[PDB]
């Protein structure tokens, strides 16, 4: 019975294979068939290619030896290699054209999700080319989805030598009969088969995956669309910045490129962006996923005033100052969305671009006020319930698991009767004691939020709603301004509080505003529709944020 799956890289997890380029170059340059492939394998286990694959020499040392083999082969074949013949150019192109075989990676992901130990076993080189970063990125994206990466040049052994197969089994801590091994080179399957492993000669992916599901008894083909990569809290880089004597800000950090600062809403965490973090880092951005003031590992002072928008914005500016960042793109959701618009209004020099999920840009009415406005719309009643210190805290802190299970639900699954929260005396007066698990969350993800809120609870988070008169006065100073920096507004169809129609007048204040819209999406945007959120943000980032 199988418990391990091993994948080759070239021709299996990455396509097109580099071996197929040697053939394509012969045909294009009308060279004798197999001349390039023969110079490549010249001298078998004694040759330059084996020394390269074993880690004896680097790719740049190998290039001239391949040229000499190419010359030797052309001489024997009584032919002449062209004028502009360059091994470097051929291999540079081949490596750059090679992409992840997404359906093969998904099958490996599905196998690992069902309890399989997964590994990449590859014959590779030590790449010292000026352009090595391309391959370095490919190996990075790939390796993180597997338990083991075994590279010939790092282990000093090569496929098809029997030693590498014994090394593989040892690494996996599995007997040969419990291993499926997938390779596009028949010669490399032979020793795995001889040892008793299940082998699959990979020609086209579909057939290979049909064999893979037949042998494992797990559906890998015709599978529903997978969710994006999520985050394991313990595998992230955690950062800590003191912004003032009693205030430290915590964040999770992933990627290189322009800085993208993610700002969650109420009552959330950096972990609310778990499905965006690997995606935005992969798209070429440096992600800074915040624990906002009052949350997780960030400080949670008890004073209401500590959570007014002016103080919160000033602290985010200091946060940039202490990290040495002149700008960041600011992306917010719910309360984080309100803050990002105010970051754009008050500090446009520090904001590369601004995007909000659900939260429209709410300009202060100097004639009315937020209190009067909140009373006018029954959907905002819960904000009045949040006013009196202690009341909402007691209900939200009573049973943490019930709190997040009741809150973190899709539009259909909801248990909250938003209209009369004050009258009924609570958000969960009609919610069960043991809510069911929403289709959006696992038990483990709920438990991460539970552990996070054990430190400071709901005082600091609730205080974000207790600064209406303070925020209104501060906002009124911006009544003559406009947002003229790149901006994105993302509406959610089924958000019953932050309704799409609430954003209809935003172009008056933000004339160059770009939009995004997600159908069948509730309040918890990032986890409700992760794939579509990622697609909207990546498209807007690449076009408007550089």
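Residue numbers count along the first chain shown, from 1. Throughout, rigid core stands for the largest set of C-alpha atoms superposing within 1.5 Å between the two forms.
> In 9 other deposited structures of this protein, superposed on the rigid core, which stretch sits farther off in Cα RMS terms, 329-337 or 356-364?
Between the two stretches, 356-364 moves farther in 9 other deposited structures of this protein.
> Please work out whether 430-438 or 259-267 has the higher root mean square C-alpha deviation in 9 other deposited structures of this protein relative to the shown form, with the rigid core as fitting region?
Between 430-438 and 259-267, the one lying farther away in 9 other deposited structures of this protein is 430-438.
> Could you settle it for me: does 471-479 or 73-81 have the higher average Cα B factor in the PDB entry?
Result: 73-81.
> Mind pulling up the entry and telling me whether 96-104 or 118-126 has the higher mean Cα temperature factor?
Comparing averages over the C-alpha atoms only gives 96-104.
> With respect to the C-alpha temperature factors reported in the PDB entry, which of 311, 343, 218, 252 ranks highest?
Largest recorded C-alpha B-factor: 218.
> Would you mind checking which of 516, 500, 486, 43 has the top Cα temperature factor in the PDB entry?
That would be 43.
> Could you tell me which third, lowest, middle or highest, the C-alpha B-factor of residue 417 occupies within its chain?
It falls in the top third of the chain.
> Would you check the entry's CA temperature factor for residue 526 and let me know if it's in the chain's lowest, middle or highest third?
According to the entry, residue 526 has a C-alpha B-factor in the chain's lowest third.
> Tell me, lowest, middle or highest third: where does the Cα B factor of residue 138 rank within its chain?
CA B-factor rank for residue 138: middle third.
> Just say lowest, middle or highest third for the CA B-factor of residue 276 relative to the other modelled residues in its chain.
According to the entry, residue 276 has a C-alpha B-factor in the chain's lowest third.
> Within this chain's modelled residues, let me know which third the CA B factor of residue 171 belongs to: lowest, middle or highest.
Within its chain, residue 171 is a highest-third residue by C-alpha B-factor, going by the deposited values.
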